[PDB]
Amino acid sequence: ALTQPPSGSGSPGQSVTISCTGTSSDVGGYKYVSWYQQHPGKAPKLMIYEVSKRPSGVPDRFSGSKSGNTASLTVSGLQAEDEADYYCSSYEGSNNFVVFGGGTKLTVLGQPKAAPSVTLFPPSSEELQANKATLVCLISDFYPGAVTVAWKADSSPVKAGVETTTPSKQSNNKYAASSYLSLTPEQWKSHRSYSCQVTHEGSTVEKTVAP
Amino acid sequence: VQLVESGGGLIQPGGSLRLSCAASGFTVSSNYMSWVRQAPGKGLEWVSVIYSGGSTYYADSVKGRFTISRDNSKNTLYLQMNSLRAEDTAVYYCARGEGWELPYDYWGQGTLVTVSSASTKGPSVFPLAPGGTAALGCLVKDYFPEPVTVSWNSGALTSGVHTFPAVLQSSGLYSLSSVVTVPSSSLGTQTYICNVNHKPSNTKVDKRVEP
């Protein structure tokens, strides 16, 4: 096994170093350490191979080294686009056994804060006719990625029947998430309103729908 | 260099699937090629390799069950996967090289393999609707497996469209939403139809959205 810290972070223009530890049977024993950069939804990209060599097109600010049983990847002049999951790999000396470390998620600090946009939809007529009801709360364009969603019936908190996604970055490099509240048709029709409230960096947004 | 994979899908445990990797810009019959897989939310795992002269190697967890091969005249690499287990669920990548002396510079786009006895279930599509502007949408409910894609007006409407990542419900089915904001004056003047494509069930659902 190759051991990588799960997370790393640096601010723009600075340097960061990610480590990958193994044994004399792989990192310490050969010069066959590679480093891969992976963005969500994309295949990995080769950054470094044979400990310190760079493929064509890979910028000079990525550099690889190793000392003993630990290999290191250094990114200097950090840029926002360096935000990615970085995997180290090594050959183990037998039967083409190539092992990957667990990956280190590198966050680059300093992206501007951005408040969430929220759209809330009531259940459709056709869904109510199927004896079901779903409220749909869509949350987009926020940064950083941590949000808190609270559902309310009238003014009272509702925690049962809630499913909320883990926020993920969209093409605009800001986060989106959604929350779904399942109700019976009777609950929907019998309350004055339902609300979806989103809390983010000490600020709150809320939308309300009614039958 | 291009590597285009196909063949993934949902298969029951104990079943078989053959993955393909179509190559151009080099000759598969004279090169090293590997398969590498990535389980949902996890890291990379090497699977298999074929050398330029035809020698093959496998990770211990797939030996005797998986077979790597190539068709010289079709310039294509294959992975035959038999006796599949839930543990084999992953995105499978083909990559040129063997991971150490020839690192993975070129990768395929990945193909999704889901190993489960759960039924394929096509989505139920419900409208999301209310001068000014109007947010219109479609709720794509209770489908399996991934993926679903959403177009609007058979792809002619793209500006302002946002399709959200799916939520995994406790039932084990997925739901997602797609939304677009339009001038309220254009409702009843123009037609908005969401096209919900679910290739795993060979079904497309076209739902007209109108208040």
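So the sequence lines, in the order shown, correspond to chains L and H.
Numbered according to PDB author numbering, the first sequence spans residues 3 to 9, 11 to 27, 27A to 27C, 28 to 95, 95A to 95B, 96 to 209.
Numbered according to PDB author numbering, the second sequence spans residues 2 to 82, 82A to 82C, 83 to 100, 100A to 100B, 101 to 126, 133 to 213.
By construction, the Cβ of each residue, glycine as well, lies at the ideal position given by its N, Cα and C atoms.
Beta-bridge pairing by DSSP links H:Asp208 to H:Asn197. With a threshold of 9 Å between beta carbons, H:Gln105 makes contact with chain L. Residues of the region 134–154 of chain H with a C-beta less than 8 Å from any C-beta of chain L: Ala137, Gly139, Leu141 and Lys143, listed in chain order. The CB of H:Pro202 never comes closer than 9 Å to any CB in chain L; the least such distance is about 19 Å. Between the alpha carbons of L:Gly108 and H:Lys209 lies a gap of roughly 42 Å. Under the Cβ criterion of 9 Å, H:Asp208 is not counted among the residues facing chain L. DSSP links L:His198 through a beta bridge to L:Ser201. Distance from the CA atom of H:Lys117 to the CA atom of H:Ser153, rounded to whole angstroms, is 20 Å.
The Cβ neighbour count for L:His39, taken over all protein chains shown within 10 Å, is under 16; the residue is labelled exposed. In the structure shown, H:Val150 adopts coil according to DSSP, grouped into three states.
For the C-beta of L:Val156, not a single chain H residue is nearer than 8 Å; the gap to the nearest is close to 16 Å. Residues are counted here when their Cβ sits less than 7 Å from a Cβ of chain H; for the region 120–146 of chain L these are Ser122, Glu124, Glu125, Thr132, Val134, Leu136 and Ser138, given in chain order.
When Cβ pairs closer than 8 Å are counted between the two stretches, the region 34–51 of chain H is seen not to touch the region 179–192 of chain L, the count staying below three.
Restricting attention to alpha helix (DSSP H) runs no shorter than 4 residues, the region 131–188 of chain L encloses them at 183–188, ordered along the chain. With at least 16 other beta carbons inside 10 angstroms of its own, L:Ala174 counts as buried. Proximity to L:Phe95B across H:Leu108, H:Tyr59 and H:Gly162 peaks at H:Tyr59, based on C-alpha coordinates. Per DSSP, L:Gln37 is one residue of the beta strand (DSSP E) stretching across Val33 to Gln38. Taking 9 Å as the Cβ-Cβ cut-off, the region 61–78 of chain L has no residue approaching chain H.
At a cut-off of 9 Å, the C-beta of H:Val169 has a neighbouring C-beta in chain L. Neighbourhood of L:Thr117 in chain H, by CB distance below 7 Å: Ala137 and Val181, in chain order. Legend: CB atoms of the region 31–55 of chain H lying less than 7 Å from CB atoms of chain L belong to residues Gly44, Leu45, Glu46, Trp47 and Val50.
Neighbourhood of H:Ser177 in chain L, by CB distance below 7 Å: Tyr178, in chain order. Residue pairing by DSSP places L:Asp85 opposite L:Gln38 and L:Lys103 in a beta bridge.
DSSP places H:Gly139 in the strand class (E or B) of the three-state scheme.
Considering only beta carbons, the part of the region 109–124 of chain H lying closer than 7 Å to chain L consists of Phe122, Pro123 and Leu124, in chain order. Rounded to the nearest whole angstrom, the C-alpha separation of H:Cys92 and L:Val207 is 48 Å. Residue pairing by DSSP puts H:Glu46 in a beta bridge opposite H:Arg38.
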